[PDB]
Every structure is written in structure tokens, then in C-alpha cells.
């Protein structure tokens, strides 16, 4: 992010079962799966490298990112639900008490 | 003494909305339609006056350029629009008479004294109320009519 | 960097080189003749003090007894004058590392005395030194006797050392080849005759630092397990041993200059360094001079690392840049500037690094080079060497013209101390006794006051963190003369000793209200009862518990506007422990526009609580949580009330103020329903803003008032309408909406209408105006807040320079981003000065850099071109070219505002007033006459209109929340309040409150300029004319006609008020 915070986002997405279907298995081909993961990496990076950590968590609370992932990936394959299951801040390089009390 | 440069716009009218017109450079300060109708009324033997077009004023005090010189959506010179060919020819004769009165045999003091509208505190701060709080009634009506 | 440094050092030595004709034959011919003269000087017999007096009372020549003079009840020896044993040269002449100095330089002549004259006890009790005084008396007496009275001679000290009296010859005239040599001013301006001791006469083990070599007291001086009872005298021991080992050090320097090729130019660069630092070999400036630099070069060539390794970037075959930069690095970190005071020591060949004891040592001669090296100048050298190592380690910008200037010892808080030390038993709180008289060489009171300012300005946290309210200290004995005439024995003075206190401050510790102590236990500790605390402080020490759950015997200071807690501690500690001796520094710069709050003036609280905290609660969270057709994405206040750069810090209420309408840009999410025309775009923006205002005016936060209003600063677009909102704390904000298609819509507008051919520059102008006011000010306020946290004086410095531009009527034509980028240059690229911890220091550095900033060839690129310069060689369009990694073209803040810039406009007035303020702060000094620097001259204006407006008394100041004009009673207190200023009508009388000069001048300045252009007080950015409606100003419209109007032919694209001829 903008504040030099390196972080890892692990997102998980389950395939949609389409209404009015009879086939029990909703499998996607491996090309579709790799394309969907590519779109997922693109969407997460594009909506996590533009903002700050406070804006990132203000995005994480109402789950906008999974919504935008579903909205942009339903054209290649519909997804039942997209969650961000892990967010790990790896390195914090600064101690800005100004920004800290600005949050608080 | 403020001097007006008045020419005819007749050699350059292709458009219908700008016929019977005077092209006037170096217009006085705060020059509005009331002062221009007072001008043509102070002129002897002159008819009636309609409207000042192209009044996006560019003199009285400093600037880069005017206000609406460009049409962003898609030379301070006045364009005086008369009523009829009789009115425009009589205001031409009268302003030629006023031009010749600099050497008038009584004296050169018979010209009209240009009375300006002094920009008051209240109208200055009315422009401030235009900057800050215009009328929300007209704002809502205009935005709904342009949004529909 | 390497080849650039090599070529520019070559050009520097080509500039500062010397002439061989000036050397031979001026210096060598008169050296040969003065050698023949000192050879024909004849000897004189063994005389006591009484015979010496009977010899020199009848002569115009007299001796020189240093304090103290020997009495006949103590002087048991007898003094004589033999033939001079050895005549030699010391300095830089025989090394030929001299360069072209304009001021002065003196080649040291050394008259090494014979050996049979002195006795093996003469090193004790000042005996050899008085013998040296009588020797120089006879030498210079017969010198004038043989010179018959043709040349100028005077007495001096060698490097201000009080215990080494010398003679100084200066030529009176000049000829071609005769014995008059005035016209050569470096090696021939002065010649320094110095008596010196032979090699290894007195015991060098006795000449160690650890022994005291004058014996004053004898009872109680023993049975103390060795010799700690005798007070060791490092200065006097080092004087004896340096006089005795001047010649061997000439041999050492000679062999190192032979071994290293670039040694000469290394000392050249170092002498340029010390002369620009102000440092030298004098005892009043730390003693780090040319010989100390050369001997550091020598020891660092012959070692210096811990394992006696020959140091890596100092092989004797290397170049001058490598040697100089390596001495810079080793003086910067290892054991050579402040570590030889606190932590480390040096040793000679084979040189190594040893981490105990403060000495700069030579064991072959038993000598400390650092005997003039006090801790203050030592740490001064440490910061200079570390900062210059950072510079000479940087690899981007050329850095030869930055050579340091001594702000750390001459800042704006240079305290004049007028104190009189007579009589010493009453006129000083510390007794000057025989022990201190032996120990210190007449810098005793200077050393005592050095230590008392350190222990008054030192802080100590509970967690072991040692910080102080100072970083560097300097005590200067002003008007100190190093020369006295032949006829007087000491240097006579009757005007006293003025002390100049110069401090470089810690900025985060300059305004901490607590003066911390030690933790107080059940019994008082040695530090609790020592000379740092309760006994040194007196009544001011008090027990205070902190939130860190630990009691401490602290002291508390009170926050005041026009001065500092440093001023309070300095006046109290000097009036207490030195004497009543008066302290003055009355430089009035904290007296700017003072806000209206509780406990005036506030710290960084009216910038957080008033705008930032009020915009967090309630504005940000409400507009984040509120529900819309299109959800919110981004809210960025762009304001100086965020980035700490408003001229007046915001208080509660003032709708009358300039910077109070607080610009906030807001971005939505991505959508396409926005249309493709500017009018439909911006009216749908107003529709979204309208439903925002509807929810805010319906909700329980309905006490917050809201309204929509147009904009005019962005030209030719009649549909910019922002939400001006007033919080119940009187907190006023401008809310605008920014989408992604507006930059491309103005790209379209710049692209079309190519056929007319004359609209492209104004289309680029409006494009980059949008660019400045919708994304670049957001990024600007982000970066400048993150830098203003780490730079504390940047906020009062931008306040100061904005107030100067406001009283000189310039900040309407100049936008504030340029002002903050200029102070951001002078704080973040502060070379070759320090980062200003003082606001007046930052302001004087701004004024000096603008007085010297030749805007033709040098642009300002800061760390937070060759096409624009070839397109404008005359610079009719841009005067200042300021770039950053933020904005690279240098055009977002000058060309787009579009300032008229011939030689007779506001910008030329800016640089000319900068040169004028610099010149008057040069020839008048720092006093109460800075009202010159803050009153405009109003000269070179064609038509000047004096405007005063329709206001009552105390207006507008009490409603801009500033308090000059004492007709408003109680400005020191909270007599003024603004919850009655929150109006009942947003219609008049709320816009009644504004002042005519601002928007009169604005609409003025939006109709003509093709005829003339004026400066005034109105549209000065983030500024109302309140403080300039006082004795500090007026309202003026000063207009100058453009140089394109003298006469012209009639044409319709004329516009100007013109009359026919």
C-alpha cells in the first residue's frame, strides 16, 4: 500500500451453482480456473495498491472487494461467493504517532 | 472624459440575430442597457434601443482574460442592437453630431458626463452571497430540469 | 561523481593557485635578509629579573609576562640571551600547500633556543616560559635596533594561545624587488617570529597530560595513591610539549607529504573546509586548523582502524578527492570528532583505534593535539563531518558550492551577555581559585559557562533516552583582540567580556514543558543533590508524577508566545550561577498573527482539534456511512489546515477568514452514467451534492448547516458548485466531487478548435489548473503533512514567509504551493546550512536564498527544463522553476497561474525586496529595525489608491480571531466567542461580514490586465487584510501599466482604456 506496508491478501472463491440446471457437478475447466485466479489477482491488486491502510480496512469491513471480484469474474465463470479469508501485515516500517493519533 | 469608438456592424452581418448593430470599442465602466438607453435618450432625435449583446466585460480593472470568452461546454467590445433602420440611422446621425461637437462653437463642454454605478458594499456582498449561498429553490429547479 | 569532483577540484586549484614570483623572490629574499639579521643579533649575559627590568624600563621595547608575572620572591633563576641555535620554517610554506587567501596568512618562523641556557627544572613553575618571554624581548628589541624603524612590527599570540607570545612582522610598502613586499597578501602579508624549545629537553613522561606542572600547594598534595591530588594541567603541558616538538612534527608532515602524492591538495581542500566552517587552529574556535588537519591526514595515512590496518581509502598513491572524503568519513564516524571527547582515542604509528579516554594522542612526543579541542567545537565537527559525509556520499546533485556556514554557533537566538567580572569575589557566584587558575588557561569562565548552559539545557527521559533542548552550544568572547602593541605587557581591555551564546536546538525538545529530573528514592541520590538538579536549580525543582507511574523531581515551564523556555532557563541560570550579568535577545518574529483561543498561543492543537478532529467527527464518518445511489470512495481535504501551512492557525468560528472555507475533493466509484458534456457532468455533480445536503439537513446532525455555492477561480466554467458546510463548532468546509472523465474532457477541449489557432495556451492553462486543484493539491497535502511532522519549524516558517508576502503584497500573484515548496526546499535541501529548528532561522534562510537565487540558470528541484528554458530565454512567462518527483515539469504552479513577468512586476519585486531585506539585515544587523523588513516601501508604483472600508472598531481582527488593536479589551483572555457568530441567516448579515478589498480586488483582477496590473492586500491566498488593517499596513491598490503600452495603432484586439491622437 501507499504507507510502505507490505501485506498479503489471501482470497477464496466458491463456484456458483446456476439456478435452472440439472447437472449436479459445477466444475470449471483448468483454463477457466487459471483465468479466474488471474482476474482475482488483478482486481485485488488494482483495488489494494491505490489506497492507504485505513482506506483498505474501510474497504475490508463491508466486503467491497469480494463484491467487485464477483462483478468482474461472473463473465468468465460465475462465483457463488468471494471472501478475503486472510490479510497479513508483514512489515511495518514507520512509527508515525501523528497518523496513529489521527486514526484514534 | 471617456471616449467611445463607434462603427457600424452592417458590413459584417451574415447572421440574422445581429442586424441593425453598432460595433463599439472602449465602452465605459459598468456599462449596462439602462446607461445605453439613457445614452440614446440623451441623444437628440434618436429612437429606441433593445439590448446590449456581447457584454462579457473586459476592461474596468485587471485580468488574464474575460469570464465566458470560450464556450467550454461545446477585447472589451459592445454590440449595440437597435430596433429599426430608422432608429439606427438616427442614432448614427446623432453620434456623428456628438463626434463633431468637440469643436462646437459654444464650447466642447456640451458632452454627456458619464455617470458610473458605484459598486456598493451590499451588492458586493450580494455577489458574495452568490459565491456562498445562492437560492436553493432555483438551484433545485434548474438541476431537476437539466437532469430530467 | 568521482571525475566531476576531480575536474572541479582541478579548476578550484587553478583559481586559488599561487605565483612563483610572489614566492621567489619576495618571501625568500626577505627570509634570507631576516635570517642574516637574526644571525648578526649578538648575545647577552646572564641577568635576573631585576637586571631584566633595569634593561627594559628605559627602552620603548618591553617584555611580555603572561598571567601571572614572576615576582622577585619567586624567581630564583637568571635569564640570558645567546645566539639563536636553530632557524627554521613551520606552517605550510616549505610544504608549498598554500593557496590564494584574500584576507591573511602567516608563515611561522621558528627560533629554536640553545640547550645550555635552561636548567632541568625549568619545566616547573612557569620558569622556561618567562625565560622565553625575555628571549623574545631581546630578539625583537635588537630586531628593531637593526631594522632602524622601517617596517611594521606588532605583538601577537600563536593561534590565540595565552602562554605563547610571538612577534608579527607586516610590510609597510611594496616595490619591484626591494625589501618592501606589501602587495603579496598570502605568504607575504605577515611573518610570525616564534621562540621555541629544542627536542626532548624536559621529561616527556612529566609532560604527560596526567600531571600538573605548576606546584602551588604542598600540604595535602601527597598520600593520595599516586598523583590525583595535584590538578593536572593539560593546556600548559601541551603548550610546553608542542613548543618542544614543533620541529619533529614538521619532519612528520614532510615525510607524509613526500609519501603521498595528493597530500598537498588534500590539505588545500581541508583548509577551504575549515575556513568556510569558521574553525581554525585558534584557541577561541576549537584548534582544529591547518596543522591539525594535516596531522590527522598523516595519522590516518599511517593507520586509524582498530586492528592497526592501513585504512582502506587512504593509500599514499591515491588522489585528493579520496583523501579528503576519507578524512570526512573518519571524522564523521570513527574516533576523530566527538568520540575523542566521550568514547574513543587515537594513537600514532602504527595508528589504531582505542575505545577509552578523551585524547588525540602522540606517544612518541607525549603530546595531545586536541588540547584546544573542546567538547562544543568537537561535536560541532562531528555534525559537520557527518552531514558532509552524507553529502559526499550522495550521487545526484553537484555539491561543491555547498560549503557549510556556522548557523549552529550564530543563530537567531544569539544571546548577548553583558557581564562584568570585577571584583571576582563578589561579581561571580563561582570562586576563581589557584587550582582553576592553574588548570584553565584564562578560558576558565568560558568553560564554566559552557558547562552551566549544557547542564541547564539537558533533559533526561525515564527510559534511558538522553535528549536535550539543545544539540550544539557555542560561547563566543565577542570583540576579542589577538594583537597588542609592543609597549604593553598583557593585552589591555576595559570594555569587559561580551558573551555571544549560539545554540542549535532539538526541535521536538525545544518546547517540552517539563524539565525532567532523576527518580527520587527514599533517600536523595548523588545526582538528585548534585550540580545538575536541586542545588543547581534552587526554588524551581518540584516533585511531579507523570503518567508513566513514576514520580520524578522535575521542573515545569509555561508556554508563551514571544520567547522560549530556553530564554527563561538561560536568564535564570545566568543570573543565578554566573552573576546578575544581563541577557538580551529581543528579535521579534514570534509576534505574528496571534489566534484567539485559551492559553494563547497554542501548540499543535488548533490545527488538529479545530479542522482535523472536527472533520473526522462529524463530517468524514457521516458522509462515509450515508447511503447514496453511488457509494462514496474518496475524501481528501487539501487544505493548509491539514498540511500545517495556513497563515493563521484555525480557531472555532471565523467565517470571516480567508483560509477557513476548507477545500475538500471527493471521488466516487467508477460509473459511466455521467454524461459527455461539461454542463451535464457538473450539474449531475450538483445533484449528487444536493442529495448529500438533503440527507445532512434531514438527519439528527441537522444542527450542522449546509449550503451549495458556485466557484469562480476556475475560469470559463459556470457550473462548479461546492457544498460549503458549517459544523456546530463553526467549522466551514468546501465539498467538491471529482470523477475520472474530467481530465479527459479537458483533454478533449485542448484537442479541439485547432482551426482558430489561438486557444491552445489558455486550454492548456485551464487543464493544468484542474490538475493543480483536483489531484495535485491532495497529493500535496499528503506529502506536506508527512514532512511537516518530521520538520517542526516548517509551520511557523511558512507562516512567516506568507506574512512577509502579505505585507509586501505578493501572495495574490503567487500561489501558496510555491511558498510551501520554497520553505520545503530550505528545510529539506538545507545545504549548506542546517535544518532550521528556529522559525526566524528558517525565515532568514528563505530570504537569503531568494536574495541569491538567480532564477536564470538555476531551477529549484527538491526531494519530497532544458526545453522550457530554450523556449523562453527572456522568461516573460515563468520566473521560478520548482520541481519534485511529485511534479516534474516545474509548470503546475507558475505558468498556469500565469504571472506577468517583465523586469517591473510582482516577481521582480519579490527578488528585489529579497535582496533589499538581505542587504539591510547585513548592514543594520538584528534589532528592533526589522519593521523595515516587514513594512512595504510602496515605491515604483504608477497609480496607488488608498483603500479603507466601512467597518466598525476592532474589525475585522476580533472575527478573523486575531488580536492586535488593543481597543478590543482583554485580548490576552477569552473575551471573544463565536457561538453568537454562528448566524441566524446564511443570507445577510452573514455575507456582510466579508471585507471589500478582497473581492473588489478579485473582480478587479478578473476584468482588465491587457492595460495595467496592480498589487494589493486582497486576493493574497489564504489571507484577509486584518493584520494589515493596523499600524502594520493599509489597504492599497498599486497599479503599473504594462510595458506593451507606450503607443499603438488602432485595432479591435486592443483591449485598453485609450484616447486618440
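Where a number appears in this text, it was derived from the coordinates with a stated rule and is not lab data. For neighbour counting, all protein chains shown are included, and Cβ atoms are generated from backbone atoms with ideal geometry for every residue, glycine included.
Points to keep in mind about this one:
- Here residue C:786 meets the list (1) within 33 Å of the chain's Cα centre (by Cα); (2) surrounded by fewer than 18 Cβ atoms within 10 Å (Cβ to Cβ); (3) under 15 Å from residue C:887 (Cβ atoms) almost entirely, failing just condition (3).
- The range C:17-56 - residue that is over 44 Å from the mean Cα position of the chain (by Cα) and assigned to a loop (DSSP other than H, G, I, E, B) and, of those, farthest from residue C:182 (Cα to Cα): C:48
- Against the list (1) within 30 Å of residue C:754 (Cβ to Cβ); (2) in contact with a strand residue (DSSP E or B) (Cβ under 7 Å, 6 or more places away or on another chain); (3) in a loop (DSSP other than H, G, I, E, B), the condition residue B:78 fails is (3).
- Extreme residue, nearest to the other protein chains (Cβ to nearest Cβ), among residues of the range C:985-995 that are surrounded by 21 or more Cβ atoms within 10 Å (Cβ to Cβ) and out of contact with any helix residue (DSSP H, G or I) (no Cβ under 6 Å at 6 or more places or on another chain): C:990
- Taken residue by residue, the range C:646-661 has no member that is closer than 30 Å to residue B:148 by Cβ, in a loop (DSSP other than H, G, I, E, B) and within 12 Å of another protein chain (Cβ to nearest Cβ).
- Selected residue (only one of C:88, C:76 is in a loop (DSSP other than H, G, I, E, B) and exposed (fewer than 15 other Cβ atoms within 10 Å of the Cβ)): C:76
- Failed item in (1) part of a loop (DSSP other than H, G, I, E, B); (2) more than 14 Å from chain B (Cβ to nearest Cβ); (3) under 23 Å from residue C:879 (Cα atoms), with residue C:896 passing the rest: (2)
- Selection status of residue C:561, more than 23 Å from residue C:498 (Cα to Cα) and assigned to a loop (DSSP other than H, G, I, E, B): yes
- Of residues in the range C:1026-1061 being closer than 30 Å to residue C:930 by Cβ and within 13 Å of chain B (Cβ to nearest Cβ), the one surrounded by the fewest Cβ atoms within 10 Å (Cβ to Cβ): C:1040
- Test: residue in the range C:768-777 that is within 14 Å of chain A (Cβ to nearest Cβ) and surrounded by fewer than 20 Cβ atoms within 10 Å (Cβ to Cβ): yes
- Among the candidates B:87, B:137, B:127, residue that is assigned to a helix (DSSP H, G or I), more than 30 Å from residue C:949 (Cβ to Cβ) and within 14 Å of chain C (Cβ to nearest Cβ): B:137
- Matching residues, the range B:68-87, being out of contact with any helix residue (DSSP H, G or I) (no Cβ under 6 Å at 6 or more places or on another chain) and closer than 14 Å to residue B:39 by Cβ: B:78, B:80, B:81, B:87
- Unmet criterion (only one of (1) surrounded by 12 or more Cβ atoms within 10 Å (Cβ to Cβ); (2) within 11 Å of chain C (Cβ to nearest Cβ); (3) out of contact with any helix residue (DSSP H, G or I) (no Cβ under 9 Å at 6 or more places or on another chain); (4) over 18 Å from residue B:33 (Cβ atoms)) for residue B:132: (3)
- In the set C:310, C:303, only one residue is surrounded by 20 or more Cβ atoms within 10 Å (Cβ to Cβ) and more than 17 Å from residue C:13 (Cβ to Cβ); that residue is C:303.
- Residue check for residue C:595: crowded, with 18+ Cβ neighbours inside 10 Å and over 30 Å from residue C:689 (Cβ atoms): yes
- Any hit, the range C:434-442, residues being outside any helix (DSSP H, G or I) and farther than 24 Å from residue C:371 by Cα: no
- Residues within the range B:100-121 that are surrounded by fewer than 14 Cβ atoms within 10 Å (Cβ to Cβ), in a helix (DSSP H, G or I) and within 13 Å of another protein chain (Cβ to nearest Cβ), tallied: 1
Per-residue answers, yes or no, for (1) in a loop (DSSP other than H, G, I, E, B); (2) over 32 Å from the mean Cα position of the chain (by Cα); (3) closer than 17 Å to residue C:372 by Cβ:
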{"site": "C:258", "(1), (2), (3)": "no, yes, no"}
{"site": "C:269", "(1), (2), (3)": "no, no, no"}
{"site": "C:273", "(1), (2), (3)": "no, no, no"}
{"site": "C:276", "(1), (2), (3)": "no, no, no"}
{"site": "C:291", "(1), (2), (3)": "no, no, yes"}
{"site": "C:307", "(1), (2), (3)": "yes, yes, no"}
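- Some residue of the range A:12-20 being exposed (fewer than 14 other Cβ atoms within 10 Å of the Cβ), within 29 Å of residue A:92 (Cβ to Cβ) and in contact with a strand residue (DSSP E or B) (Cβ under 8 Å, 6 or more places away or on another chain): yes
- Answer residue from the range C:662-684, given it is part of a loop (DSSP other than H, G, I, E, B) and within 14 Å of chain B (Cβ to nearest Cβ) and is surrounded by the fewest Cβ atoms within 10 Å (Cβ to Cβ) among those: C:673
- Of residues in the range A:33-49 being under 14 Å from residue A:14 (Cα atoms) and in contact with a strand residue (DSSP E or B) (Cβ under 8 Å, 6 or more places away or on another chain), the one surrounded by the most Cβ atoms within 10 Å (Cβ to Cβ): A:40
- Those residues of the range C:723-734 which are more than 10 Å from every other protein chain (Cβ to nearest Cβ) and closer than 15 Å to residue B:139 by Cβ, in sequence order: C:723
- Here residue B:65 fulfils each of the conditions (1) in contact with a helix residue (DSSP H, G or I) (Cβ under 7 Å, 6 or more places away or on another chain); (2) part of a loop (DSSP other than H, G, I, E, B); (3) closer than 30 Å to residue C:761 by Cα; (4) more than 7 Å from every other protein chain (Cβ to nearest Cβ) apart from (4).
- A single entry from B:27, B:6, B:40 fulfils the requirement of being within 11 Å of chain C (Cβ to nearest Cβ) and touching a strand residue (DSSP E or B) at 6+ places or on another chain (Cβ under 7 Å): B:27.
- Matching residues, the range A:53-63, being surrounded by fewer than 16 Cβ atoms within 10 Å (Cβ to Cβ) and touching a helix residue (DSSP H, G or I) at 6+ places or on another chain (Cβ under 9 Å): A:54, A:58
- Of the residues screened, residue C:971 is one that is away from chain B (no Cβ under 13 Å) and either part of a loop (DSSP other than H, G, I, E, B) or under 27 Å from residue C:593 (Cβ atoms) (or both).
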